[PDB]
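When we count neighbours, we look across all protein chains shown, and the Cβ atoms used for this are built from the backbone with ideal geometry, even at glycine. What follows is calculated from the coordinates using simple rules that are stated; it is not laboratory data.
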Amino acid sequence: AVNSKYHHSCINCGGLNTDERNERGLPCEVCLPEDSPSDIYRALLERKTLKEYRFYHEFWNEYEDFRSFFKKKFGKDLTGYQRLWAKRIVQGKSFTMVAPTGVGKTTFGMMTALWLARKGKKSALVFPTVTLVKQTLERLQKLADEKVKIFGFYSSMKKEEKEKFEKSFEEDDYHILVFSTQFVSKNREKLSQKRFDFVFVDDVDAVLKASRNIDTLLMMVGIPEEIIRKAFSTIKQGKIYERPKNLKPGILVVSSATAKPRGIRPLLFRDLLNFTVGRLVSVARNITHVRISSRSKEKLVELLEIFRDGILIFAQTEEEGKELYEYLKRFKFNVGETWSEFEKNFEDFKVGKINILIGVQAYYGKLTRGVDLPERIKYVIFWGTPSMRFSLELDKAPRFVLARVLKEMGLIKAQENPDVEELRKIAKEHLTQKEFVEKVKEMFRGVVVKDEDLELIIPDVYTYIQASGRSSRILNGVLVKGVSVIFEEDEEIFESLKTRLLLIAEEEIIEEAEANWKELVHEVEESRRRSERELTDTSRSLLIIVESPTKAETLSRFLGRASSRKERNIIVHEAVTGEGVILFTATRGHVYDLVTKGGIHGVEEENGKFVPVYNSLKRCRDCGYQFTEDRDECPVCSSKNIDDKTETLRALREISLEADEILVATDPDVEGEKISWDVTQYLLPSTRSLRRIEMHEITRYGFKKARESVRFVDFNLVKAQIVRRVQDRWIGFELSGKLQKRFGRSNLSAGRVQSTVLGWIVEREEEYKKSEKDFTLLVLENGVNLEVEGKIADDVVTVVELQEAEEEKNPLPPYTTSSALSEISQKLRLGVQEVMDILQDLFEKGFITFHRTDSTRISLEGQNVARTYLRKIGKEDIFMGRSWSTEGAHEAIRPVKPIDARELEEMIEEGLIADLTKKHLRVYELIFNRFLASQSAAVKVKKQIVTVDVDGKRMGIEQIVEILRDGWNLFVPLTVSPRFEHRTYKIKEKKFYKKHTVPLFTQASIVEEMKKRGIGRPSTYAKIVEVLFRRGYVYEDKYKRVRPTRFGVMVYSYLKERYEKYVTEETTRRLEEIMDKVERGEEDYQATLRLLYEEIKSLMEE
Ligand SMILES: [Zn+2]
Ligand SMILES: [Zn+2]
């Protein structure tokens, strides 16, 4: 409802249509001039303009024909997974059945084949075992019509039925063919020549045993052999393959894999049938982790008395597992061991004869491959933390331990490590055995180093997570609860495991006293009882539309990536959640932008109101140029390899049909709200289930609390983005157009704020030059250095006043965008834009809160991030929780996990987390330290105020002399200057120089001045600084000081000469203030466009 135009939005003719009509589902004014038609489909038919709304009307009618067919054959409605699969069947799509076991994947496959048999389409059902072939044929015969022709084949085949199947195979007088997996291998040629409309695979792993079955399956749905080899030639090369546009392949529905999809051949499905064959991911977990500080068998038996059944004890070694087994067998427990008689005691445990099963961490999962038993395992006990250990003896030290020690010492080069035995020679020829251990202790921060036993203990959080997940999974659509108890006595190992679980699984381990056992057991046993009910079905399919690929790639880490569909330009991933299925796809940036030709630089005026016209964005993948106009070739390099957002929008509408509900999860600011509306209004003519999610935190918890505050699109944020965009376009185009006539360069004005900041830099040159005053540095004996005005020839300094007070110095507030850019770029000598890129990187990778923030607010959850870190670090005494601000749409930049940069550094080297460079960790370190200081107690300090006479001038100096109690000292250093006394201090050495009191600008100080003087936004701070560098207006000298170039001075001289009242700071601040009010709904969106046009009208006149 923002009175806009979109150039490819109409759902009927694929052409231009207004924002207002798309929001109401209507096609464009050309297709349907009626504002309120009776039926849109039949209204377009009467006007003889029905073109592509026909596709959606047929899609829904054909889907509901399948739904009626399914409800007539079987007892009841489709499940949430079947609804998604049905809408992909009616579109001819191929996919993996992303769903947990026990949902009815076989039942769907039969109905799909039976439904297509009504239309005359042939299908072929494939099953791993020959028992299932006859079993499926038996169910099919009673579920099929007389006209339906079904023929089977199995190892126990009858003589008369075998020839009937083989004869009808050649005559093509069949509808459904059910045959075994071995059948495909032995009958490779006869199946490849056929073309089936539907292929159902009950078990991929059986089919994927031989690579040649992939070629057979692809040729079974009508993919030519020549295109298969051409696709394999590209995936072997490494890049992705694009299939021919006019290819009509049959449906290939396959089940999820149990084992790993090894090999590069299974990637053929991804490029020809546009779906990924991946194994199911069990990210959906409901576990309460409890830890007991002692490896005591008294509490072990007490826990087993409460649990009573479904316990899976995990010993670390076979020896101590044998010891536990003897103790438990002594207490009349029905306990089974998994080392000698594994099979008998496991199949006893599955039925219910054995209540407690004792396994060994190294080979329980290796033996149990093929049976997960979620209906039996309820409480998982861990006799000791499941950890991998390494010998710290030099002769037995692993390669990764030597890597960090020798790289810190500077002996080994940064590239690939040499032989492990070659690195062992270097360590012996430089380091002693005891020094080798002590270097590990001071560098390896994140693991556990024990000196006496010559052991390096590293908890295996991956193994803990896998063995914990055996107690909680999806049963009958219910994510059942589980309990995981760790009997770890070493606190350092427990703290190491605690932070690794938080990083990977976002789960926490409570202590024995905090756990209420009877409440946990009741939760687990009532959850299993709920699952045992019929429950009917409650699964939905949720689609999350993020804009950044980096965001979607971190969502996949806390959701799973069971499959990946290839949809035009975008990739839509799939995952299994407790609520159903979740899809998530990245938009790859903006979708729409203002055209450059219509009306006033792209904005038209109908009925006196400005209507912005948007055409889809196109990125040239070769030269990077972004353009809006519809072209075949790139306007710069004539390349036809453009990333057209028109296809991205087209894919989103096709996907929107399949999923039940859609949530546009862009960044929680005005920039992300404009993208959210552009997507939302485009999908509204195809789907009414669209809402907005605000993820300030790309995590499980940030995703959860974003959905708790679900809402619709805020048009005030949308209008605010349009006002800023139109101002930059109009001011930029007009001022650049004037500068084009004087200098000849194409793009010379990016807007009003950049010209304001440029004038600051140009006019700072004479401010700094005039401000040169003579100074003299005085070095005092037993005193600090003292800088004072020039020509000091007194040779002595006399103390006149001496005050000693005790302050409690409070810490600095947490980083906002301006604070982060100003301090991090000053400390780590980097441009503000580069710092901004690292900030955006960390936010999208789920390490810090939303970086675009103008508020120091810290949430109660965020305060607990510092408290848990201080409790781990042992300094919980110095925790002073501070909210810092009650106002703010976003809270301050802060680490979302209680993990410091050196701990993150260890995890990256170990391999737990990836994609963080050295500069990522340095920026995160500064963010972590200021945030921890902001939540740390005030440093009780003894201060001194001294009045000192220097050459007859009374100079004041204020200095800290003693720290009475440590606070945020540990995170941000606080220096203590030498104390003064009421004496005469002789001047040791005088240094005469000339220092300018008005300093030159730097990238950090420019950001500081923009915040101070009210111009700029967190979204635009670093961009404004960088554009000046990009267009050659400023440069950085030897000392990293921003100075204006000769070209930049001439350009601003022209601005101050002719158009000063538009560039002046006071007008820029006022308009930035106005646009903030438009975001809050305090100023009128159309009125401020009149305001901008009135100024622009006079800009052309001058
Ligand atoms: Zn139309
Ligand atoms: Zn190009």
Which listed residue is surrounded by fewer than 22 Cβ atoms within 10 Å (Cβ to Cβ) and either under 14 Å from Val546 (Cβ atoms) or more than 16 Å from ligand 1 (Cβ to nearest atom) (or both), from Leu683, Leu652, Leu663, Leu617: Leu617
Any hit, the range 271-291, residues being loosely packed, with under 14 Cβ neighbours inside 10 Å and farther than 30 Å from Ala505 by Cα: no
Residue selected from the range 1-47 under the condition in a helix (DSSP H, G or I), charged (D, E, K, R) and free of Cβ contacts under 8 Å to residues at least 12 places away in the same chain, by the criterion nearest to ligand 2 (Cβ to nearest atom): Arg21
Only listed residue being surrounded by 14 or more Cβ atoms within 10 Å (Cβ to Cβ) and touching a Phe, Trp or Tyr at 6+ places or on another chain (Cβ under 7 Å), chosen from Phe127, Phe151: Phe151
Filter result (surrounded by 13 or more Cβ atoms within 10 Å (Cβ to Cβ) and farther than 24 Å from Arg279 by Cβ) within the range 225-247: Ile227, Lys230, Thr234, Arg243
Any hit, the range 345-352, residues being of a type in the set (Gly, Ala, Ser) and outside any strand (DSSP E or B): yes
Positions within the range 885-904 being farther than 15 Å from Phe928 by Cα and surrounded by fewer than 18 Cβ atoms within 10 Å (Cβ to Cβ), in sequence order: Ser885, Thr886, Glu887, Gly888, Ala889
Hey, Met97 touching a strand residue (DSSP E or B) at 6+ places or on another chain (Cβ under 7 Å) and under 16 Å from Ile251 (Cα atoms) or not: yes
Subset of the range 530-540 that is acidic (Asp, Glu) and part of a loop (DSSP other than H, G, I, E, B) - its residue that is surrounded by the fewest Cβ atoms within 10 Å (Cβ to Cβ): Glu534
Only listed residue being in contact with an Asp or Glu (Cβ under 6 Å, 6 or more places away or on another chain), surrounded by 16 or more Cβ atoms within 10 Å (Cβ to Cβ) and closer than 30 Å to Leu1089 by Cα, chosen from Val2, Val98: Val2
Qualifying residue in the range 1-24 (condition: in contact with a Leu (Cβ under 7 Å, 6 or more places away or on another chain), at negative phi and more than 16 Å from ligand 1 (Cβ to nearest atom)): no
Flag if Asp966 is at positive phi, surrounded by fewer than 18 Cβ atoms within 10 Å (Cβ to Cβ) and of a type in the set (D, E, K, R): no
When residues of the range 627-640 are limited to those that are surrounded by 15 or more Cβ atoms within 10 Å (Cβ to Cβ) and within 29 Å of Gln1086 (Cβ to Cβ), the one farthest from ligand 1 (Cβ to nearest atom): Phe627
Pair list, Cβ under 7 Å, 6 or more apart: the range 287-304 residue among the hydrophobic types (A, V, I, L, M, F, W, C), other residue in a helix (DSSP H, G or I): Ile287/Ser468; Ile287/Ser471; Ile292/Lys299
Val1027 vs. criteria under 30 Å from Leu1099 (Cα atoms) and of a type outside the set (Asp, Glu): yes
Some residue of the range 641-649 being closer than 21 Å to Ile544 by Cβ, buried (at least 19 other Cβ atoms within 10 Å of the Cβ) and more than 16 Å from ligand 1 (Cβ to nearest atom): yes
Selection status of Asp643, within 17 Å of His8 (Cα to Cα), within 16 Å of ligand 2 (Cβ to nearest atom) and part of a strand (DSSP E or B): yes
Count of residues meeting criterion [surrounded by fewer than 22 Cβ atoms within 10 Å (Cβ to Cβ) and under 17 Å from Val835 (Cβ atoms)] in the range 984-1019: 6
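A quick yes/no check of all residues on (1) surrounded by 20 or more Cβ atoms within 10 Å (Cβ to Cβ); (2) on the phi > 0 side of the Ramachandran plot:
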site	(1), (2)
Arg700	no, no
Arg707	no, no
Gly744	no, yes
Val757	yes, no
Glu767	no, no
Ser771	no, no
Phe775	no, no
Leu780	no, no
Residue in the range 541-554 that is more than 23 Å from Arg707 (Cα to Cα), crowded, with 21+ Cβ neighbours inside 10 Å and touching a residue at least 24 places away in the same chain (Cβ under 8 Å) present: no
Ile251, sole failed condition from (1) surrounded by fewer than 22 Cβ atoms within 10 Å (Cβ to Cβ); (2) touching a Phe, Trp or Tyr at 6+ places or on another chain (Cβ under 6 Å): (1)
All positions within the range 1077-1092 that are touching a residue at least 12 places away in the same chain (Cβ under 8 Å) and surrounded by 17 or more Cβ atoms within 10 Å (Cβ to Cβ): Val1078, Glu1079, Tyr1085, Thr1088, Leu1089, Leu1092
So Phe183, is it in contact with a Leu (Cβ under 9 Å, 6 or more places away or on another chain), part of a helix (DSSP H, G or I), within 23 Å of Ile150 (Cβ to Cβ) and touching a residue at least 40 places away in the same chain (Cβ under 8 Å): yes
Per-region count, the range 25-44, residues surrounded by fewer than 15 Cβ atoms within 10 Å (Cβ to Cβ), within 14 Å of ligand 1 (Cβ to nearest atom) and over 37 Å from the mean Cα position of the chain (by Cα): 4
